[PDB]
């Protein structure tokens, strides 16, 4: 699938540091340690199970406002 573009859904960012001034954002929060992290695919990219990112590839070091701590 095509790689996700900043702002895709929920304020998505390919560079979590970029989500900085977001009230919900916390240091340490990445698509990688997210409860929506499907599996890795190619060169930092992976799949997000959250229904909203079903047709794009997302980035390991990225972030979105729908972020939940992995269990």
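Numbering follows the first chain given and starts at 1.
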Between 62 to 70 and 2 to 10, point out the one with the higher average CA B-factor as the PDB entry records it. 2 to 10
Quick note on 13 to 21 and 46 to 54: per-entry mean CA temperature factor is higher in 13 to 21
Using the B-factors in the PDB entry, rank residue 40's C-alpha atom against the chain and give the third, lowest, middle or highest. highest
Ranked against its chain, the third holding the CA B-factor of residue 30: highest
